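A.B. asks: Sharing an experimental structure here, sequence included.
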Amino acid sequence: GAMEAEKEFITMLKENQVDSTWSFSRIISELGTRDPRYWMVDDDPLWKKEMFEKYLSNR
């Protein structure tokens with residue numbers, strides 16, 4: 001579910017210094033290596049990208 005995974009995913013997004021000036025390419029390229037949290041939660045690229053739209057709108 002999108003509980004533990006989402007929570008950490010939001011935190012890693014701040015810690016990876018992600019903001020509006022990012023593509024979901026930079027996520028796969030930088031967040032896929034900086035810390036394996038992007039892999040801890042299984043890769044749903046549509047949810048990762050949906051929630052990324054949340055991280056850009058709400059953050």
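C.D. replies: Okay, I see it. Numbering: from 1, shown residues only.

A.B. asks: residues near the residue found closest to residue 20 once you drop the neighbours it is linked to in the chain, how many?
C.D. replies: With CB to CB, 6 or more residues apart in numbering as the criterion, residue 20 has its nearest non-adjacent residue at 5.3 Å, and that residue is residue 56. Using the backbone N, CA and C atoms, a C-beta is placed for each residue, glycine as well. Using other CB atoms under 10 Å as the criterion, residue 56 is surrounded by 14 other residues.

A.B. asks: Mind checking what secondary structure residue 56 has?
C.D. replies: Classification of residue 56 into helix, strand or coil gives helix, according to DSSP: H, G, I helix; E, B strand; the rest coil.

A.B. asks: try residue 28
C.D. replies: Using three-state DSSP, the secondary structure recorded for residue 28 is helix.

A.B. asks: do you know how far it is from residue 34?
C.D. replies: Using CB to CB, to the nearest Å, one gets 11 Å for the distance from residue 28 to residue 34.

A.B. asks: Quick check: neighbours shared by those two?
C.D. replies: Shared contacts of residue 28 and residue 34 (CB atoms under 8 Å, 6 or more residues apart in numbering): none.

A.B. asks: how much space between residue 50 and residue 33?
C.D. replies: Noted for residue 50: a distance of 22 Å to residue 33, by CB to CB.

A.B. asks: Check residue 15 too.
C.D. replies: Residue 15 sits 13 Å away from residue 33 when distances are taken as CB to CB.

A.B. asks: for residue 3, same thing?
C.D. replies: Between residue 3 and residue 33 the distance is 25 Å, computed by CB to CB.
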